[PDB]
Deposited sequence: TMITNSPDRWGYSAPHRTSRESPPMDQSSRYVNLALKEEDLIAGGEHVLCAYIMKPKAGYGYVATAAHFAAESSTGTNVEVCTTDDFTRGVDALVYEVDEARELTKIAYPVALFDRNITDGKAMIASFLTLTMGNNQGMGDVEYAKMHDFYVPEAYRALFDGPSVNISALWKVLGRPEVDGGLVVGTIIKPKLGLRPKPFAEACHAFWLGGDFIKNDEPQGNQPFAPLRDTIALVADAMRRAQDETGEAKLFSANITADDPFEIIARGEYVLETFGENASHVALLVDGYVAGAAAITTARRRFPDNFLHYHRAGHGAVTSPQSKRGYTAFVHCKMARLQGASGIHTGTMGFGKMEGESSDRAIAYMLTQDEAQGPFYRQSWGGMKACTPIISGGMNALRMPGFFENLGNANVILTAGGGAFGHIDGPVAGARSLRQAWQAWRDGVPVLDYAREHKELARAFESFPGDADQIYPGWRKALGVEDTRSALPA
């Protein structure tokens, strides 16, 4: 304790520059009455060695008031593969937020950020492919290729194989990407093999009447990796030609990191779509327990997700940057990735075509995947035209064209104006004037 796991004269800058320590930031409160630096010596020790050769997890800073504890964890602490040489997220959480999360002399404790040094960062998988792979299928520039418009298949469950394939076919006449909702698997009333053979078919017909390549994200989530692998393999070989048009969804939260690592290493040539199925209590309203969505997501790039459900509503734009850039500033630490492929944000929502440009402007790009509600798709003409206006709104954004001038020569974007006339004045006044009328 105290003199053992507390070294408050440590410059965080030295530590970063040393490159031998992982640093963590938490917002923990010592139970009723307990010393502030004493508890943090204790939370450090339980995290560290129990009962000093740089095996000790030092407390380089505390901010009694703000309830801010920063701890430096030597990189040698962290387990590594016997096989690979490779680091693991399982170790990382075990040390960092393992049953230090269960103590009895700490009200609550939540990790807010973490720094990973080069020696350590580099032993991790990182993403194998991203949006970039999606773009190249879609015949877009692999660098800054833009917006990929998607839905989820509402209802979430209860559609037989054909109804389901037909919902897919239908949607792909406007849109680019469909993704199996969260529990869609191998229910008795709509078997995986029957559905995925049918859905395979719907791609062919959609592609052929459209002339555009279409995208599908199939969950292969399962308890057993060989089952996860079983699916990966039956899906990719049933899409055959269109094997590279399939993304593999794995509910990484609710099935653990071994599930995420199974697809990542098994199928490294396909987009690994990480569902954030239901963080809740951990990544929350400020569940004073576990970690935040910033950290959950930052952790996934290191793990190897290609894309991950990220945000709708300091922000999920901060998360976005940390995930996609080579240098990103988090709430407490600035991180470099020394050329580690980015993980594509998958925004959920449904802006609409007139609000779409707004989104892209604050973010600074449109290199996301949008899994829009059947709401973002609402239009007076429909979801085929709803989805087309979304596409149309990216091109005018991209190209620099005033939307309204572009709308004039673009039907569905034009008909959108009128589809949400309430938002048009607000955002863009005189639209009718320019013609809508």
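Trainee: Numbering the deposited sequence from 1, which residue ranges have no coordinates here?
Mentor: Holes in the chain trace, numbered from 1: 1-26, 78-87, 350-357, 482-490.
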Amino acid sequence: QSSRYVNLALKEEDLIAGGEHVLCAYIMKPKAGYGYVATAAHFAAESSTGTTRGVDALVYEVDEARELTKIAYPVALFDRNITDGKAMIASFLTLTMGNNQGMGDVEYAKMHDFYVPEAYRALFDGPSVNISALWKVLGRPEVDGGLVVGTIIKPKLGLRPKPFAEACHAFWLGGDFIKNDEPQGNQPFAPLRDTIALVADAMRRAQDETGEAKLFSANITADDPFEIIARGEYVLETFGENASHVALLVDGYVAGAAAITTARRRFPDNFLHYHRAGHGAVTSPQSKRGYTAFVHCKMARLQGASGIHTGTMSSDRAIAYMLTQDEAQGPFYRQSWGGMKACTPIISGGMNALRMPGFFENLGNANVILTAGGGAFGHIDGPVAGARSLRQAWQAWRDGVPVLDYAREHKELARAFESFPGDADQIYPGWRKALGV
From here on, numbers count along this sequence of modelled residues.
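Trainee: Among the other compared PDB entries, is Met313 dropped in a third or more?
Mentor: Looking at the other entries that model residues on either side of it, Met313 is missing from at least a third.
Trainee: Counting only other entries that model residues on either side of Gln395, is it left out in at least a third?
Mentor: That residue is present in all of the other compared entries.
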